[PDB]
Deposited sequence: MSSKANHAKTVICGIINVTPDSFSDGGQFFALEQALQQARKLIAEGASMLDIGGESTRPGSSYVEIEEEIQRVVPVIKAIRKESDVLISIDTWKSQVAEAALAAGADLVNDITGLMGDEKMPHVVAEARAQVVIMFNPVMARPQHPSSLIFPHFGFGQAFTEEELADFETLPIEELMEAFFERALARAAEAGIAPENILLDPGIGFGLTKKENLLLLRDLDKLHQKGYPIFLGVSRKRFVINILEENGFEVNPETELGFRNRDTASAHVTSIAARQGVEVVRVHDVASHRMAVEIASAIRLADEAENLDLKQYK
């Protein structure tokens, strides 16, 4: 198959535009084949987010054919964003945050990432508590609280794929994301990573968030590596750590990774693929 695509993260901060246009150039030049544009943080939020991501999207589109993803769970944002050059929606609520999202994706003929969101699925699980609240969903949710992570993931996905099926999004336009880092424990995070092929067995490409996740940070810390992001040493170790997950991921054929440091992950992707595609 084709080697792992690197998706570089561009978070527009609430000039902000010239700064996002600058990061894009940088990531492209580092070998990003896709960029993920986010503008998060009511009609007031929908409008402010749109006025964040839309100008950025247009400007990238003026100079580049790079695949652009809109990181939004709000259908009004993804709609403005596709109308401007975006190719796909990265939905961190996996179609559960907005009932009209499926239609917006279906209507635009777009690709979509359906992330498993365990924070929505288990709002009171101790790991979820620190997370904000996603969505404008689930019933009396009482089974969820209790399921193993992989049966849990499955149930969320069952729901969300049905939502997509009814909107008529072509099955070949869907990418699944296990939701690593989101109200999952260390062990659940690692188990889901250990079992990426089970998720491949379902038949969809896998979009993976491998970058600067607290569980990898803590493996570094417990093991004598400096992890303070405000040091050169700590900053680099954190990005190298992630590149290692990309190495493992790209080797088993994960289709996309979503990442901060494109260059360290391009080194992982090249080594892992050369091995994978040996013959």
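Several segments of the deposited sequence are absent from the coordinates, namely 1-6, 21-29, 57-61, 157-158, 163-164, 304-314.
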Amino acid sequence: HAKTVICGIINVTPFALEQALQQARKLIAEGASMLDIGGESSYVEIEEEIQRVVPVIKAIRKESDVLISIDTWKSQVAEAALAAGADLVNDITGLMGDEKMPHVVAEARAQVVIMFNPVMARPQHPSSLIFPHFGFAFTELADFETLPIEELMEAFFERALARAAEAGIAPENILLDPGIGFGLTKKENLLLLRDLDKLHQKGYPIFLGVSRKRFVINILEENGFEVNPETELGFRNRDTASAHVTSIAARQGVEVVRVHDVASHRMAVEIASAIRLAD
From here on, numbers count along this sequence of modelled residues.
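Set 49-57 against 250-258 and average the Cα temperature factors; 49-57 ends up higher. Between the stretches 72-80 and 127-135, it is 127-135 that shows the larger average CA temperature factor. Highest C-alpha temperature factor among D177, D91, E145, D195 per the entry: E145. You'll see in the entry that, of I169, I206, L191, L184, the Cα B factor peaks at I169. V66 sits in the middle third of its chain by CA B factor, as recorded in the PDB entry. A278: CA B factor lies in the middle third for its chain, per the PDB record.
The deposited CA B-factor of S264 belongs to the lowest third of values across its chain. The PDB entry assigns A16 a C-alpha temperature factor belonging to the highest third of its chain's modelled residues. In the PDB entry, a CA B factor belonging to the highest third of its chain's modelled residues is recorded for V44.
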